[PDB]
Structures are given as C-alpha cells and as structure tokens.
Amino acid sequence: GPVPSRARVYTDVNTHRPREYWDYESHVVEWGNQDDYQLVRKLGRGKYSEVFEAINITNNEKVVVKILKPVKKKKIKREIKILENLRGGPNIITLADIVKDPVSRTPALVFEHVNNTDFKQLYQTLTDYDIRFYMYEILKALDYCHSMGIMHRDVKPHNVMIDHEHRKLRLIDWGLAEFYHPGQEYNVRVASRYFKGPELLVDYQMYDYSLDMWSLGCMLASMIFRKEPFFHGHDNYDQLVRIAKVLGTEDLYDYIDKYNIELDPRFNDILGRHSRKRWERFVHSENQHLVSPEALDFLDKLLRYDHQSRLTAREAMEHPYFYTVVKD
Ligand SMILES: Cc1cc(O)c2c(c1)C(=O)c1cc(O)cc(O)c1C2=O
C-alpha cells in the first residue's frame, strides 16, 4: 500500500499541544448576542454558508456575517476552533463573534469587516510589484497557520479578500481547514478544482501544509502569466492532465512511484506522454512585464508534483522574488 509521508516542517506541532487545541469536537462555543448584528446586504451564498454585510449596532461597525448552512456538527466546531486558534495571526480573517441565528437555527460567524472585493476581482490587473507584494502577504498567513498546525486546504483567489486601496489582505473561509497530525489520512475532496494539488488528484491522503503551497503556485502562475486559471481542467481527471501537460508525465510517474501509488486506470486513455515544459513558453507580450527569472524560479519551486519537494511557506518568503518588495 502507499508509502507514508510527513510534513517536512511543523511536523509535530499538534502532538505536543494540549488536547484542547486540536480536539475541536470537545470545544465549547461561547455565544455572543445575536441582537448586536443587523444584516444589511446578502453578499454571497456557497455550499456551506450565506454571507452578509451586517452592522454591529453596539459600535456602529460594519461586519461580515456568515450564517452556516446545516452540514455536520463537527465541521462547525472545527472551523470555529481553527478561527479562534488563528485569531490575531498575520492576514488571518478575525472572527469577532459567534451567535445563534434565530431563523436558520445555526451558528452565524461574525468577522471583521473586509472590503467586498475578492482577490480574483483584481489579481489579473496588478503590477509586477503588486503581485510580489500580495503574494508575500499571503505567505505570511500561510506560514502562520502552518506553524500553528493547520492547513487551509482551500487556497484560491476567492478566499483572499483584498482591500487594494489600503494594501491589505485577509485569508478567509477556514471551513475546509484542518489540523495536521503526522501520519493522519485526510479527505482528498478539498480545495477547488483548479487549485487542487496533485496529491488530491491521485488520491494520496497523507498530505500536509504543502497542499496549500501548490494552490499558491497555481495563483502565482495565473497572475504572472495572466491566464485564469492556469491549469484549466474540465473535471478532476483532466485537471491532472492539464498539470501533466506542463510538468510532464515522467515526473508524474516518478511522484506516484515514490509513494507507491497507482493512478486511477481511467488515466490510461487520457494521460498521454508529455515532456516537462520550460516556464518561458507561457510568456508573451501581454504578460512579459510580470515575469522575471526570479518569478519563474519561484513558481518552479512551488509547482512540484512531490508535495515534499515544494517550497514551504517560510522558504518561499526567503525567495529572491521577494527581494524587491519593501518589508515593514
Ligand atoms: C462575497 C464575500 C464577501 C466577503 O466579504 C466575505 C465572503 C464572501 C466570505 O465567504 C467570507 C468567508 C469567511 O469565512 C470570512 C469572511 O470574512 C468572508 C467574507 O468577508
């Protein structure tokens, strides 16, 4: 059966912690007062929640209220415990309160207000500098959560809220996030298609923080090449094909061979044989101002099949691509 894997960083951060930290099932929700929040405008609805702009009438402050759909008790407390564990971390959305919505009969999570513009709204028109700036901002969030024993598992532009006026970013929607426990098998049905890492797509369950670094790489590629999304699969199978047309099939074989796993036989008729491409082939007159050798080397080091060989968040922050970004 499959060869086991472990994160190369923050491997044992949870094993050491008190039960209370990661055992979200035992978490006791502290409830605030639902009457403090008045919904103003519905902003979105997803599989797991409806999202509102609201106002907190105890301070007159705008907030964002997320009213959870019924799903699995356990998922609610997981997201809650994660948010409280991460609260105050860099670029992590701040859970301000948790109230019981009297209509839905479910928890409503109250977040700090963020401008109603996701990253996908502007990330195809940022300058080279701004891409590097915002990527470093994302990396701060991801190294923070990974250092706290947590993988986001749904990194994508919709989950990065950007207030470009204020050059401020928050990583949101922690409802798929999970505690990393060495040796634990996880559900591969996480992340959105275009951002799923190869480990998800080959059903390798013993994955870790590095899943998020694949997702980040897909964001990077789509920004610097101005191609949204960068790996544009029609489904989860073609999604792997799309990656193999860039990263080549021999390295895909080397990856699954290293972990002693087998592709779905469904790939026999669709995968073909593909050489690894040089990143230069995605450069053209319209995106060349966004591409530099550093950008390409950084991207190359994120988009690796072998989740063990991807830059970690902290390594990525060390990369020369960020030398041009002014650090606070
Ligand atoms: C259209 C839209 C606008 C938003 O401001 C948010 C969201 C969606 C959203 O899904 C969201 C999820 C979350 O877990 C925290 C948030 O602050 C949010 C949001 O803030």
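One-based numbering, in listed order, for ligands and for the atoms of each. Along the sequence shown, residues carry numbers from 1.
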Relative to each other, are the rings of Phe179 and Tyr21 parallel, tilted or perpendicular (30° and 60° limits)?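 It falls in the perpendicular class, over 60°.
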Using 30° and 60° as the class boundaries, would you call the ring planes of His319 and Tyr321 parallel, tilted or perpendicular?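 The rings of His319 and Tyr321 stand perpendicular, inter-plane angle above 60°.
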Can you tell me which residue among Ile92, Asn91, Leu171 is in a side chain to side chain contact (heavy atoms under 4.5 Å, CB included) with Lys140?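 Testing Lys140 for a side chain to side chain contact (heavy atoms under 4.5 Å, CB included) against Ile92, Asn91, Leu171 leaves exactly one candidate, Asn91.
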I'd like a table of the close N/O pairs between ligand 1 and the protein (anything under 3.5 Å), one pair per line with both atom names and the distance.
from     : atom 1 : to     : atom 2 : distance (Å)
ligand 1 : 14 (O) : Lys66  : NZ     : 2.7
ligand 1 : 14 (O) : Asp173 : N      : 3.0

Step through it carefully: locate the ring centre of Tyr207, locate the ring centre of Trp214, and say whether they are under 6.0 Å apart.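 That pair fails the under 6.0 Å test.
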So does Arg226 have more than 12 non-hydrogen atoms from other groups sitting under 6.0 Å from CZ?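 Counting other residues, nucleotides and ligands, CZ of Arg226 exceeds 12 neighbours.
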List in chain and number order the residues that pass ring-ring contact (aromatic ring centres under 6.0 Å, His included) with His232, two or more places apart in sequence or in another chain; answer none if no residue qualifies.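 Checked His232 against ring-ring contact (aromatic ring centres under 6.0 Å, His included); matches are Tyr194.
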